[PDB]
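Okay, so here's the structure we're looking at.
Within every chain, numbering begins at 1; the chains are lettered A, B, ... in the order of the sequence lines, protein sequences first and strands thereafter.
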Amino acid sequence: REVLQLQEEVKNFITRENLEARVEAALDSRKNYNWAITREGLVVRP
Amino acid sequence: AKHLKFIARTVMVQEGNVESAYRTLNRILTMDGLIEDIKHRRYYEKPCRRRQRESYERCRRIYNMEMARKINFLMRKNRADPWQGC
Amino acid sequence: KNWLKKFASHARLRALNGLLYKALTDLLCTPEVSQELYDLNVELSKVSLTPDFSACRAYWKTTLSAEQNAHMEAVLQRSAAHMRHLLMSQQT
Amino acid sequence: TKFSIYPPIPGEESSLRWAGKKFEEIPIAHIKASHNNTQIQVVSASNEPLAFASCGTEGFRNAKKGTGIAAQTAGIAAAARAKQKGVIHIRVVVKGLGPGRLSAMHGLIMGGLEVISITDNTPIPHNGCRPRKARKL
Amino acid sequence: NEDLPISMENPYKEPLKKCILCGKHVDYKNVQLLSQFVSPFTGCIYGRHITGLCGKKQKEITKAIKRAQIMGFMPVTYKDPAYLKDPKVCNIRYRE
Amino acid sequence: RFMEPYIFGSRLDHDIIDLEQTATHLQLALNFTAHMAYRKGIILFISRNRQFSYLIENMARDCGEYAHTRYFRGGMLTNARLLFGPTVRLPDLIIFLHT
Amino acid sequence: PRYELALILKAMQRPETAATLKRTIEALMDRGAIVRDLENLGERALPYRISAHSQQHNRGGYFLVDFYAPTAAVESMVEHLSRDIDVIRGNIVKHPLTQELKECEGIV
Amino acid sequence: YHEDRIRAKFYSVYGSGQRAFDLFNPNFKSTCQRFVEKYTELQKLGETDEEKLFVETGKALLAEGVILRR
RNA sequence: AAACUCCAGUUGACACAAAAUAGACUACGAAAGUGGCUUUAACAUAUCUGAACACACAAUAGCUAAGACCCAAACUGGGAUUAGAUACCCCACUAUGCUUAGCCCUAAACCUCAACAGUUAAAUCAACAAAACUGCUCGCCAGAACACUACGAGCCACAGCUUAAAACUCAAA
Ligand code: FES
Ligand SMILES: [K+]
Ligand SMILES: [Mg+2]
Ligand SMILES: [Mg+2]
Ligand SMILES: [Mg+2]
Ligand SMILES: [Mg+2]
Ligand SMILES: [Mg+2]
Ligand SMILES: [Mg+2]
Ligand SMILES: [Mg+2]
Ligand SMILES: [Mg+2]
């Protein structure tokens, strides 16, 4: 199962062929790692 | 030095009550441990003395909490005598 | 060191007095000892060390009200040991 | 609107104004409260010195510099010389735990300046230089 | 006799108490979560008697805070003002 | 520890006394008491639980026996001749409602 | 192993940032790395003023590069990041997803 | 005892009964005890599936006219 | 008082130094020790015991070569002080504390508890310390002082370390 997951995952890896397109796509994208916790233990996403 | 100014250890004055703001700042610095750090950093404390002091303080706190718990637990019995005379 | 059992069981003088007076004033300048002590705004007049170094008498100025005097006395007596500990821990 | 104890942020726009000026434009009174001296310097928000006063520049000598009255006098002198340059509101930045920590601010207030915020910048190393040994008195 | 007691584990045993971060991943990039456990005025990390965390998660939060601070994700001397309005999870009051 | 053989078990951290053993022990104790009373022995009830001092004194007065529910002064039994008289007769049986 | 490069780049215009990202990823590949993804965390004010390459920075662009590399690559990559003038600060850490989330039963 | 398990889970689902215990009555019958007796009756008149027994017993008690707020 | 005024305050740049808070935690390591961040290596043994000397380590101090030097600081100067001052306070500044390659091999190096395995029943048990014991092994001890000494021997140690006596003396220690 791990091997098959890696096999399907490598299709989206960055290669020398798709470097520029992926760089531009990343430049036009934002990812947020921030979230907060409450006293009750509930995640509050931004 | 490399941080932005007027954010850390900063208190705003409410309705010109400068004394209240100063006392609030003193409280903040005290409970954040900064006052004791400043006063303890004036002279060098040897590592053995530092370890002995911390051990003493920790065990003093533990003992005091246990004594307080015992006194509070035994306080419930301190009421009017229900079998007065006998 | 088995703490449970432990709990269960002259020119020089003048300089020392001045140093202790300054240290005690600086201690009372903050909530370091306690917030209740800090709120009382205790002012010290002088510090006198007994000739044999057996006690340190810190003379505090009294106010006019008597209930305030009694409360300040109680708080100071309850806080004396902590102030001694702080004075020795700061290596004054 | 609830009063905010936290200072305004330069970036986040706020409505708090003092004689039409923002928080980040108010002059700063830097108080250095040493054990034997208190020094007060008023500077503009652009760091242009406007006034300076210490307990020694006000005539006090030796142990008399390290008292509350001397720091109060230095604060009054600094406040006067800063008033003569158009300063009314100030942000106080205090550094040190000397006898003049609060008396200098009192002197600034009695000299006519209005304190809008108090900041502490006492140097606290995260264990850098080794302090000197204790006095064996 | 059928009325005799029988051996079993305590069925009324209440589940062991868990910290607010139990089962959740602590990342050094999550500056918002890490900022909930530092002093607003000094940036000093709160001890477990204030945060209420368990030892494992207290250590995780401490390490994450130090990593984020040294890799330029988090301020050291104060809490980032952007997170001053986040939910309060620490048992400390300045009476401000 | 010495009470463990008489304990049926613990119910939610509360010890339960095995009443089958209590029955035999009480049978023996009551038989001994009855035989002593038949022989005109002096019986003294003793208990320091103040909630039942009045009850025990009343019971002792009713059955024509003796009670001591009060502070027990040093030497009642081991020094009886000095504290009561050279010809005092001590109890033949003592019954503890509270030990 | 699996590594994460946290990159704080100089606040530049889009073409220069694209060129710097391409150069960094190419260096990673030249050192034997297989890049999995590139996440842009945004341009933001730095937590503190950072001095790099005789320049002071108060703002920076935050990027994440997930990759797999031989253990010997990391040191080499660090050296490269020390020389890139458009990098305020680069740090390689073990990828947090590889770290196992051990489960606990609660407070004893 | 066996029924303790049932009791525990009853006390975890329907909570403590709003009705008050009367320990002076030697034959007091609580809501939980009624649930236990019905659970055992269904167990001896059917299969052994703990969740199914619980839900069925709840249905039976509600049919009889006993309120049970989860 | 000396000292500095190439001083001081704000602002900016800026370590071969030391690592607030977390830590009210009690973890890692054979011990000594180890508490800033990242990464790479990495924490022996599926019977137990087994060495003053064999084989590898040992805080602080100290010594060879080179280097760094903020701060601290044995010594060395200076300021101030009774009536032979303060050794103690103030100022300045060394060796040293740091890095590299070698020595030296000592500590209240202590949990003042030798290593493994087992028991909680006995009268528990001189005392205190730290509840009382059992099996097995190694190490060590037989009055005090002479004596952490002398001599011999070994050691990169040269009035240094390890091992370690005898005579005279006493009725105690
Ligand atoms: S109690 Fe679950 S991680 Fe803290
Ligand atoms: K020891
Ligand atoms: Mg062996
Ligand atoms: Mg041998
Ligand atoms: Mg050594
Ligand atoms: Mg050395
Ligand atoms: Mg030197
Ligand atoms: Mg051995
Ligand atoms: Mg001898
Ligand atoms: Mg020798």
| query | Under 4.0 Å between a side-chain N or O of B:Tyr43 and OP1 or OP2 of I:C71? | reply | no
| field | Spacing of B:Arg9 atom CZ and D:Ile124 atom CD1 [to the nearest 0.5 Å] | value | 4.0 Å
| field | Touch class at under 4.0 angstrom, heavy-atom based, for G:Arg89 against every strand present | value | nothing
| What interatomic distance, in whole Å, is found between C1' of I:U100 and the corresponding atom of I:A74? | 26 Å
Are there any protein N/O atoms within less than 3.5 Å of an N/O atom in nucleotides 73-77 of chain I, and if so, which ones and at what distance?
residue	atom	partner	partner atom	Å
I:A73	OP1	D:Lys133	N	3.2
I:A74	OP1	D:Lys133	NZ	2.9

What are the atom names and distances for every N/O pair under 3.5 Å that joins the protein to nucleotides 125-129 of chain I?
residue	atom	partner	partner atom	Å
I:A129	OP1	C:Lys5	NZ	2.1
I:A129	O5'	C:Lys5	NZ	3.2

| message | For the nucleotides I:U163 and I:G152, report whether a Watson-Crick or G-U wobble pair is present, with both relevant distances below 3.5 Å. | response | yes
| So, is F:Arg1 close to the I:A121 phosphate, meaning a side-chain N or O under 4.0 Å from OP1 or OP2? | yes
| request: Scan side-chain atoms only and decide if D:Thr122 and D:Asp120 contain a donor-acceptor pair under the 3.5 Å cut-off. | output: yes
| I:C28 and I:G33 as Watson-Crick or wobble pair, distances under 3.5 Å | yes
| With nearest nucleotides of RNA chain I determined for D:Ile40 and B:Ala1 from heavy-atom distances, which residue corresponds to the more 5′ nucleotide? | D:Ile40
| message | With I:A144 and I:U169, is there a Watson-Crick or G-U wobble pair, both distances less than 3.5 Å? | response | yes
| query | When the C1' atoms of I:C110 and I:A68 are considered, how many whole Å apart are they? | reply | 38 Å
| Between I:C28 and I:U10, how far is it from one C1' atom to the other, in whole Å? | 47 Å
| message | Is I:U21 syn or anti, taking syn as a glycosidic angle within 90° of 0? | response | anti
| field | Protein proximity profile, nucleotides 16-26 of chain I - base contact B, sugar-phosphate-only contact S, no contact -, cut-off 4.0 Å on heavy atoms | value | --BSBBBSBSB
| Pair D:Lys22 + D:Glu25, salt bridge at N-O below 4.0 Å | no
| On a whole-Å scale, what distance lies between the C1' atoms belonging to I:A129 and I:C113? | 11 Å
| Got a salt bridge between B:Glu54 and B:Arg51, using NZ or NE/NH1/NH2 to carboxylate O under 4.0 Å? | no
| query | Taking OP1 and OP2 of I:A13, is either one under 4.0 Å from a side-chain nitrogen or oxygen of B:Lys2? | reply | no
